[PDB]
Each structure stands twice: as structure tokens, then as C-alpha cells.
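**Student:** This is the structure I want to talk about, given as C-alpha cells.
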Amino acid sequence: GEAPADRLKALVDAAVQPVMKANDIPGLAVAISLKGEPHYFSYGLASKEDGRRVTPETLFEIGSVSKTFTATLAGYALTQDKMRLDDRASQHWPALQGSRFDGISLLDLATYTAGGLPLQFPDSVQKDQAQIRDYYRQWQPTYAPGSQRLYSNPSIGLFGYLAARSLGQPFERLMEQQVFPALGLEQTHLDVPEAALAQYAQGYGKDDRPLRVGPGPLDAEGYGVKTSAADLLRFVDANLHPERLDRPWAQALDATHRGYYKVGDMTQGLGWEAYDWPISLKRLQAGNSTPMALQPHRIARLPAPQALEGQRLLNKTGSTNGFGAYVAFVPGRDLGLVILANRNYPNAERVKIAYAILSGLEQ
Ligand SMILES: *[B@@]([O])(O[C][C][O])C1=[C][C]=[C][C]=[C]1
Ligand SMILES: [Cl-]
């Protein structure tokens, strides 16, 4: 009958539309994987000025959701024995030998526990290998590696970069030529082709100034992916079913489903951040709050890596100046969700949309 499709549309509309209105979001794409089938719901405008509507193929900046792609490349390097998570960072870049990176592991970099690497590179560091090298050579930990989590692009950026070095090829080339094709992603880019620019949404900030992401140090590793809701859901489905990929890539995805420590309700994997499921909306918002992004937290290390599967919610937020993305999936329920918007709107609001959809699907 039509009831299931009507109910799903009613549910997604009811979750999305008030949040779009309340946050003045011009355009938003939702994609849901439910019972092995994709469902797309598209809202509003990709560009207010030219009237292009959002579709499941519209490209959005996903910001730090890119970190989950970076983690997958690292998972490939790891499970191919080109690196180990307990390697010292300077093993993989001679320029760092003699620096504090002699005493910092790849896991620490990946999980933001190297000792106080900041959220962003300073403005003084441009997209330049020598400036990035000198930044790391001069950096000193604020506190002991392995003790506190401080969310950081330079941290997981370096992890990604070193994983590429371990494979003997540039990060960006590996992503284009190996990772994205292995995952079946033809609408996913670090550098959007000229021929696909018509699909690239406009981003909008304060006073609706147009904003698309510019070049920056380790941008590719930290925040550089542009993709469509359909492609991002394909990536969620790969995460739900790594066994559907060839074994080297299956293993790469599995490596991003391992938790190393907890902070509050959140268990930190490579890229993904996990919660028990069900959990309250308020606790999931708290785990995705501004203090979790901006302040250091003492970790509770697990006795061994924990499988992030079963009745757990794995998620990641991503932001750029003009865009706000969120992805969440529940491995034990074969359920995934992507919410891409062309405004950077509060994380709590992204989580509210997702939670309304997930709750409604339960009910
Ligand atoms: B990223 O989008 O993370 C914020 C949303 O969790 C990010 C972090 C640091 C620099 C650029 C992008
Ligand atoms: Cl940065």
C-alpha cells in the first residue's frame, strides 16, 4: 500500500521542516537506508540566487565528516601492514624525527589525544608542506600524550597524512584513485570537477554571504570532501555492510569500528564517535556540543579495543563556514541516515532532526 511511503515522508517532513525554518536553512538533503533500501528527501534551494533546487545528487561540503573517509584510508594502511596504531608518528615522516612526535603514537593523533594540538592550524600556517612541517616540528604538548582528548584538525590531519606516506602516495591521489572508487563513490570529490560544478550547492553564512571552503593546510584530510546525500548514504551502507566489499576494503572499514576510550557517553573510534543506543536526545546533543569540540576532556581508556557494532549509534558532525552535515548509523538495526545542509546550523539541531527520524522509525 501507500501507507509506508506516506508515513516515512510525513515523518521526515515533520522532523526537517521546523528545523529548516528555525535555522533559516536554504537547502537540505536527507538520505535514509532502511531495510536495505535507500530513501531520499530533498528540501529547498542549493542556490537562492539561481534557484537550483536540492536533489539527492547535489554536492554539499561535509566538513569534518571527511575525517571518517580519512580514517578509512588509514584503516587500509593499517590492515595492509604499512603502519601500526602504536607506531611513533616520526616513523613515518623523517622531518619529524627529533621533534616531540618521536613520543606520540598514530593512535594518539587519530583520536585527538596527542597532548593539546588545537582545533585548527593557526592562521599563520598556509597550505604549504614546509609551513606544516615547521608547525609540527615546533609544537610542544600541553599535557601528556594519551591523557586528554582535544578535538583537533592538525591531529587527525597528521594521522591521515602519515597514513598516505606509509602507502607511498599523496593523500589526495589515494582518495581519488583508490578510496572513492573502492567504495563505489562517483559523486564524491576533494576537488570538484568543472563538469560537476553545476551540482555544487552554495553555502550561506551570516547575512547570507556566500561561502564555499577555500584551501587550507591538511584540508583534504580534515574537512575537504564534497559529496551528495546519495553518495554519502552509499558510504554509510558500506559501513553497515563492510562484508560487501573486497576484503582489503572491508577490513579498512572494520578498522573504523573499534573504540579506544570513552569521554562521558561517547566512545571514540577512528573517525566515528559512538553511543549506546537507545540514549536520550539530550545526551546525544551533549556529546555533540560545543564544549566537546572546543575543550579538553580526560579520557577513560578501555582495557582493549571495543567493537562498535550492535545496539550502538555511530555518528559524526561536520561543518564548514557555509555548510552543516551530520551522519548517524545503527549497525545492529541496519539503519543509516545522512543530513546535509547549506548553512552551518547548530549541531544540536542536526541531532534533533536525526533523533526525530530514528524515534519515529522505532515507533
Ligand atoms: B570539522 O567540521 O568539525 C566540526 C564539526 O564537528 C572541522 C574541525 C576543525 C577545522 C575544520 C573543520
Ligand atoms: Cl585546520
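Residues in the C-alpha cells are named by chain (A, B, ... in the order shown) and by number from 1 within that chain; ligands are numbered from 1 in the order shown.
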Considering only C-alpha atoms and all ligand atoms, tabulate each residue of chain A that lies at most 9 Å from ligand 1 along with its nearest interatomic pair and the corresponding distance in Å to one decimal; arrange the rows by chain and ascending residue number and present them as CSV.

**Tutor:**
residue,atom,partner,partner_atom_place_in_ligand_line,distance
A:62,CA,ligand 1,2 (O),7.1
A:63,CA,ligand 1,2 (O),3.9
A:64,CA,ligand 1,2 (O),3.4
A:65,CA,ligand 1,2 (O),6.6
A:66,CA,ligand 1,2 (O),8.0
A:67,CA,ligand 1,1 (B),8.1
A:118,CA,ligand 1,9 (C),8.8
A:119,CA,ligand 1,9 (C),5.3
A:120,CA,ligand 1,10 (C),5.1
A:121,CA,ligand 1,10 (C),8.0
A:151,CA,ligand 1,8 (C),7.6
A:152,CA,ligand 1,9 (C),6.1
A:153,CA,ligand 1,9 (C),4.9
A:154,CA,ligand 1,9 (C),8.2
A:219,CA,ligand 1,11 (C),7.7
A:222,CA,ligand 1,12 (C),6.3
A:223,CA,ligand 1,12 (C),5.2
A:224,CA,ligand 1,12 (C),8.5
A:288,CA,ligand 1,6 (O),7.4
A:289,CA,ligand 1,6 (O),8.8
A:290,CA,ligand 1,6 (O),8.6
A:292,CA,ligand 1,6 (O),8.9
A:293,CA,ligand 1,6 (O),6.5
A:316,CA,ligand 1,6 (O),6.8
A:317,CA,ligand 1,6 (O),4.4
A:318,CA,ligand 1,2 (O),3.7
A:319,CA,ligand 1,2 (O),3.6
A:320,CA,ligand 1,2 (O),5.6
A:321,CA,ligand 1,12 (C),8.7
A:323,CA,ligand 1,2 (O),8.9
A:324,CA,ligand 1,5 (C),7.9
A:325,CA,ligand 1,5 (C),8.1
A:326,CA,ligand 1,5 (C),8.6
A:347,CA,ligand 1,5 (C),7.7

**Student:** Write the residues you've just listed into a file as a CSV table (one decimal), in the first residue's frame, and include N, CA and C atoms for each of them.

**Tutor:**
chain,number,residue,atom,x,y,z
A,62,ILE,N,30.9,18.5,3.5
A,62,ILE,CA,30.6,17.8,4.7
A,62,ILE,C,31.6,18.0,5.8
A,63,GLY,N,32.6,18.9,5.6
A,63,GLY,CA,33.4,19.3,6.7
A,63,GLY,C,34.1,18.1,7.4
A,64,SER,N,34.1,18.1,8.7
A,64,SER,CA,34.7,17.0,9.4
A,64,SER,C,34.1,15.6,9.3
A,65,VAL,N,33.0,15.4,8.6
A,65,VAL,CA,32.6,14.1,8.3
A,65,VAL,C,33.7,13.5,7.4
A,66,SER,N,34.5,14.3,6.7
A,66,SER,CA,35.7,13.9,5.9
A,66,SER,C,36.6,13.0,6.7
A,67,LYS,N,36.7,13.3,8.0
A,67,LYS,CA,37.5,12.5,8.9
A,67,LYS,C,37.2,11.0,8.9
A,118,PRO,N,45.7,21.9,18.6
A,118,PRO,CA,44.5,22.8,18.7
A,118,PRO,C,43.4,22.4,17.7
A,119,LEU,N,42.2,23.0,17.8
A,119,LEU,CA,41.2,22.7,16.9
A,119,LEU,C,41.6,22.9,15.4
A,120,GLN,N,42.2,24.0,15.1
A,120,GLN,CA,42.7,24.4,13.8
A,120,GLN,C,44.1,24.8,13.8
A,121,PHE,N,44.7,24.6,12.6
A,121,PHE,CA,46.0,25.2,12.4
A,121,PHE,C,45.9,26.8,12.6
A,151,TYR,N,39.6,17.9,20.5
A,151,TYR,CA,39.3,17.7,19.1
A,151,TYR,C,40.2,18.6,18.3
A,152,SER,N,40.8,18.1,17.2
A,152,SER,CA,41.8,18.8,16.5
A,152,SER,C,42.0,18.3,15.1
A,153,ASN,N,41.9,19.3,14.1
A,153,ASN,CA,42.2,19.0,12.8
A,153,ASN,C,43.7,18.8,12.5
A,154,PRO,N,44.6,19.6,13.1
A,154,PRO,CA,46.0,19.2,12.9
A,154,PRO,C,46.3,17.8,13.4
A,219,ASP,N,43.7,20.3,4.5
A,219,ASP,CA,42.3,20.4,4.2
A,219,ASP,C,41.7,19.1,3.8
A,222,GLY,N,41.2,16.7,6.8
A,222,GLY,CA,40.4,17.1,7.8
A,222,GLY,C,39.0,17.5,7.5
A,223,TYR,N,38.8,18.0,6.3
A,223,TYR,CA,37.5,18.7,6.0
A,223,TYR,C,37.2,18.9,4.6
A,224,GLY,N,37.8,18.2,3.7
A,224,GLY,CA,37.7,18.7,2.3
A,224,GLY,C,36.8,18.0,1.4
A,288,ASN,N,27.6,15.9,21.2
A,288,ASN,CA,27.9,16.7,20.0
A,288,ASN,C,27.8,18.2,20.3
A,289,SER,N,28.2,18.6,21.5
A,289,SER,CA,28.1,20.0,21.9
A,289,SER,C,29.3,20.8,21.6
A,290,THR,N,29.3,22.1,21.8
A,290,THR,CA,30.4,23.0,21.5
A,290,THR,C,31.5,22.7,22.5
A,292,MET,N,32.4,19.8,23.7
A,292,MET,CA,33.1,18.6,23.2
A,292,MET,C,34.0,18.9,22.0
A,293,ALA,N,33.8,19.9,21.3
A,293,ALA,CA,34.6,20.3,20.2
A,293,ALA,C,35.7,21.2,20.6
A,316,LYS,N,28.9,11.3,13.2
A,316,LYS,CA,29.9,12.4,13.0
A,316,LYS,C,29.2,13.6,12.5
A,317,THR,N,29.5,14.7,13.1
A,317,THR,CA,29.1,16.1,12.6
A,317,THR,C,30.2,16.6,11.7
A,318,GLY,N,29.9,17.4,10.8
A,318,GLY,CA,30.8,18.1,10.0
A,318,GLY,C,30.4,19.5,9.7
A,319,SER,N,31.3,20.5,9.7
A,319,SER,CA,31.0,21.9,9.4
A,319,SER,C,32.0,22.5,8.6
A,320,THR,N,31.6,23.4,7.8
A,320,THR,CA,32.5,24.4,7.2
A,320,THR,C,31.8,25.8,7.4
A,321,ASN,N,32.4,26.9,6.9
A,321,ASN,CA,31.8,28.2,7.2
A,321,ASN,C,30.4,28.2,6.6
A,323,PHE,N,28.4,25.3,5.6
A,323,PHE,CA,27.6,24.0,5.5
A,323,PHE,C,27.6,23.3,6.8
A,324,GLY,N,26.6,22.5,7.0
A,324,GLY,CA,26.4,21.7,8.2
A,324,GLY,C,25.9,20.3,7.9
A,325,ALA,N,26.7,19.3,8.2
A,325,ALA,CA,26.4,17.9,7.9
A,325,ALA,C,26.3,17.1,9.2
A,326,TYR,N,25.6,16.0,9.0
A,326,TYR,CA,25.5,15.0,10.2
A,326,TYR,C,25.2,13.7,9.5
A,347,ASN,N,24.9,22.1,15.9
A,347,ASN,CA,24.9,20.6,16.0
A,347,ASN,C,23.7,20.0,16.7

**Student:** Pull the closest atom pair for each residue of stretch 160-225 of chain A that gets at most 10 Å from stretch 327-344 of chain A, along with the distance in Å to one decimal, counting only C-alpha atoms, ordering rows by chain and then ascending residue number, as CSV.

**Tutor:**
residue,atom,partner,partner_atom,distance
A:201,CA,A:342,CA,6.9
A:202,CA,A:342,CA,6.6
A:203,CA,A:342,CA,4.7
A:204,CA,A:343,CA,5.3
A:205,CA,A:343,CA,6.4
A:206,CA,A:343,CA,9.3
A:208,CA,A:343,CA,9.0
A:210,CA,A:342,CA,9.9
A:211,CA,A:342,CA,9.2
A:212,CA,A:342,CA,9.6

**Student:** How many Å lie between atom CA of residue A:307 and atom CA of residue A:262, rounded to one decimal?

**Tutor:**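 Here the two named atoms are 13.2 Å from each other.
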
**Student:** Using atom CA of residue A:355 and atom CA of residue A:255 as the two end points, give the distance in Å to one decimal.

**Tutor:**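 Value for the atom CA of residue A:355-atom CA of residue A:255 distance: 26.2 Å.
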
**Student:** Using only C-alpha atoms, determine which residues lie at most 10 Å from residue A:306, disregarding the query and same-chain residues fewer than 6 positions distant; provide the list as an MDAnalysis selection string.

**Tutor:** chainID A and resid 257:261 267:269

**Student:** Could you name the residues that touch stretch 16-24 of chain A at 9 Å or less, counting only C-alpha atoms, but leaving out those on the same chain fewer than 6 positions away, as a PyMOL selection string?

**Tutor:** chain A and resi 30+43+343+345-346+349-350+352-354+356-357

**Student:** Which of these residues is nearest to ligand 2, using only C-alpha atoms and all ligand atoms: A:133, A:52, A:127, A:100?

**Tutor:**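 Checking each of A:133, A:52, A:127, A:100 against ligand 2, counting only C-alpha atoms and all ligand atoms, the winner is A:127.
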
**Student:** I'd like to know which of A:215, A:170, A:146, A:98 is closest to ligand 2, using only C-alpha atoms and all ligand atoms.

**Tutor:** A:215

**Student:** Which residues in stretch 121-249 of chain A does DSSP call helix (DSSP H, G or I)? List them as a PyMOL selection string.

**Tutor:** chain A and resi 129-138+153-167+171-182+194-199+206-208+219-223+229-240+242-244+247-249

**Student:** Using DSSP on the backbone coordinates, identify all residues within stretch 192-326 of chain A classified as strand (DSSP E or B); present the result as a PyMOL selection string.

**Tutor:** chain A and resi 200+204+210+226-228+258-263+266-268+273-276+297-298+300-307+312-319+324-326

**Student:** Please save N, CA and C atoms of the selected residues as a short mmCIF file (atom, residue, chain, number, x, y, z; two decimals), in the first residue's frame.

**Tutor:**
data_model
loop_
_atom_site.label_atom_id
_atom_site.label_comp_id
_atom_site.auth_asym_id
_atom_site.auth_seq_id
_atom_site.Cartn_x
_atom_site.Cartn_y
_atom_site.Cartn_z
N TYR A 200 27.20 21.73 -7.34
CA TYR A 200 27.80 22.19 -6.07
C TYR A 200 26.93 23.29 -5.46
N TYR A 204 25.89 29.29 2.84
CA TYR A 204 25.50 30.61 3.30
C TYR A 204 25.75 30.87 4.77
N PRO A 210 27.79 34.33 0.68
CA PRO A 210 28.05 33.05 0.06
C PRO A 210 29.39 32.57 0.55
N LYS A 226 33.53 16.98 -0.67
CA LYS A 226 32.23 17.41 -1.17
C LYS A 226 31.54 16.19 -1.71
N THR A 227 30.30 15.95 -1.34
CA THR A 227 29.58 14.78 -1.78
C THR A 227 28.07 15.04 -1.76
N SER A 228 27.35 14.14 -2.38
CA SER A 228 25.90 14.18 -2.40
C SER A 228 25.31 13.34 -1.31
N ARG A 258 36.13 0.48 15.84
CA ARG A 258 36.83 0.00 17.02
C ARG A 258 36.99 1.18 17.96
N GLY A 259 36.49 1.07 19.18
CA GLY A 259 36.57 2.14 20.17
C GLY A 259 37.77 1.97 21.06
N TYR A 260 38.41 3.07 21.41
CA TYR A 260 39.68 3.06 22.21
C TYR A 260 39.53 3.63 23.61
N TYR A 261 38.63 4.57 23.79
CA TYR A 261 38.40 5.21 25.06
C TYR A 261 37.03 5.85 25.12
N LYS A 262 36.58 6.22 26.31
CA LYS A 262 35.36 6.98 26.47
C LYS A 262 35.59 8.34 27.03
N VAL A 263 34.74 9.28 26.62
CA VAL A 263 34.57 10.57 27.26
C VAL A 263 33.07 10.69 27.46
N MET A 266 30.36 9.05 25.17
CA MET A 266 30.88 8.82 23.81
C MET A 266 32.09 7.88 23.83
N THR A 267 32.11 6.93 22.92
CA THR A 267 33.29 6.07 22.70
C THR A 267 33.95 6.48 21.40
N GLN A 268 35.24 6.78 21.44
CA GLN A 268 35.97 7.33 20.30
C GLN A 268 36.57 6.19 19.48
N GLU A 273 32.39 8.37 16.18
CA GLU A 273 32.15 8.53 17.61
C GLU A 273 30.86 7.77 17.91
N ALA A 274 30.87 6.97 18.98
CA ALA A 274 29.78 6.04 19.24
C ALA A 274 29.13 6.24 20.58
N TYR A 275 27.83 5.89 20.62
CA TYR A 275 26.97 5.96 21.80
C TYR A 275 26.20 4.66 21.95
N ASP A 276 25.86 4.31 23.17
CA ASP A 276 24.87 3.24 23.35
C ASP A 276 23.57 3.67 22.74
N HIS A 297 39.09 17.07 27.45
CA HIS A 297 38.44 16.13 28.35
C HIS A 297 39.37 14.98 28.68
N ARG A 298 39.42 14.60 29.96
CA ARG A 298 40.18 13.46 30.37
C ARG A 298 39.51 12.20 29.80
N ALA A 300 38.77 7.96 29.50
CA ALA A 300 38.77 6.68 30.22
C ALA A 300 39.13 5.62 29.21
N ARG A 301 40.38 5.16 29.25
CA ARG A 301 40.86 4.23 28.26
C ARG A 301 40.22 2.88 28.50
N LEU A 302 39.86 2.19 27.43
CA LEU A 302 39.31 0.85 27.51
C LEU A 302 40.45 -0.17 27.66
N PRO A 303 40.17 -1.30 28.33
CA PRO A 303 41.22 -2.34 28.50
C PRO A 303 41.68 -2.97 27.19
N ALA A 304 40.79 -3.05 26.20
CA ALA A 304 41.14 -3.47 24.86
C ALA A 304 40.21 -2.74 23.89
N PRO A 305 40.55 -2.72 22.59
CA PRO A 305 39.64 -2.06 21.64
C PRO A 305 38.26 -2.72 21.68
N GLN A 306 37.22 -1.92 21.58
CA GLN A 306 35.83 -2.42 21.65
C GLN A 306 35.20 -2.38 20.27
N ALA A 307 34.56 -3.46 19.85
CA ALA A 307 33.80 -3.46 18.61
C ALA A 307 32.64 -2.49 18.69
N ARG A 312 24.30 0.30 19.03
CA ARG A 312 25.12 1.50 19.18
C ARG A 312 24.76 2.41 18.05
N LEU A 313 24.92 3.70 18.30
CA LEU A 313 24.78 4.72 17.29
C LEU A 313 26.17 5.31 17.03
N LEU A 314 26.59 5.22 15.78
CA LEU A 314 27.89 5.79 15.36
C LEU A 314 27.53 7.06 14.60
N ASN A 315 28.26 8.13 14.85
CA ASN A 315 27.92 9.41 14.24
C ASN A 315 29.14 10.26 13.99
N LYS A 316 28.94 11.29 13.16
CA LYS A 316 29.90 12.37 13.04
C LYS A 316 29.20 13.59 12.52
N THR A 317 29.48 14.73 13.14
CA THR A 317 29.12 16.05 12.62
C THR A 317 30.25 16.60 11.74
N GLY A 318 29.87 17.45 10.80
CA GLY A 318 30.85 18.15 10.00
C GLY A 318 30.35 19.53 9.66
N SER A 319 31.28 20.48 9.69
CA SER A 319 30.97 21.87 9.45
C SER A 319 32.03 22.54 8.63
N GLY A 324 26.59 22.52 7.02
CA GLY A 324 26.45 21.69 8.20
C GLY A 324 25.91 20.34 7.85
N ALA A 325 26.68 19.32 8.20
CA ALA A 325 26.38 17.93 7.89
C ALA A 325 26.31 17.11 9.16
N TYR A 326 25.59 15.99 9.05
CA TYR A 326 25.54 15.02 10.15
C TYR A 326 25.24 13.68 9.52
#

**Student:** Could you check which of A:123, A:221, A:87, A:108 is closest to residue A:190, using only C-alpha atoms?

**Tutor:** A:221

**Student:** Would you mind telling me which residue in A:4, A:157, A:84, A:105 lies nearest to ligand 2 when using only C-alpha atoms and all ligand atoms?

**Tutor:**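 Closest candidate: A:157.
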
**Student:** In Å, how far is it from atom CA of residue A:47 to atom CA of residue A:185?

**Tutor:**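 For atom CA of residue A:47 relative to atom CA of residue A:185, the distance reads 23.8 Å.
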
**Student:** Identify, on the basis of only C-alpha atoms, every residue whose closest approach to residue A:180 does not exceed 10 Å; exclude the query and any residue fewer than 5 positions from it along the same chain; express the result as a VMD selection string.

**Tutor:** chain A and resid 69 73 174 to 175 185 to 189 231 235

**Student:** Now that the selection is made, can you save its residues with C-alpha atoms as a PDB file, in the first residue's frame?

**Tutor:**
ATOM      1  CA  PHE A  69      36.989   8.917   4.971  1.00  0.00           C
ATOM      2  CA  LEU A  73      42.298   5.289   4.274  1.00  0.00           C
ATOM      3  CA  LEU A 174      44.921   7.876  -2.840  1.00  0.00           C
ATOM      4  CA  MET A 175      41.438   9.187  -2.039  1.00  0.00           C
ATOM      5  CA  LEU A 185      31.523   6.777  -4.995  1.00  0.00           C
ATOM      6  CA  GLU A 186      31.336   8.717  -8.236  1.00  0.00           C
ATOM      7  CA  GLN A 187      29.737  11.874  -6.758  1.00  0.00           C
ATOM      8  CA  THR A 188      32.404  12.345  -4.028  1.00  0.00           C
ATOM      9  CA  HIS A 189      35.309  14.752  -4.507  1.00  0.00           C
ATOM     10  CA  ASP A 231      26.899   9.069  -2.225  1.00  0.00           C
ATOM     11  CA  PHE A 235      29.329   5.231   2.279  1.00  0.00           C
TER      12      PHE A 235
END

**Student:** A:209, A:88, A:282, A:137: which is nearest residue A:159, counting only C-alpha atoms?

**Tutor:**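 Answer, going by the shortest atom-to-atom distance: A:88.
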
**Student:** Rank nothing, just name the residue among A:359, A:55, A:239, A:199 nearest to residue A:277, using only C-alpha atoms.

**Tutor:**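 Using only C-alpha atoms, residue A:277 sits closest to A:359.
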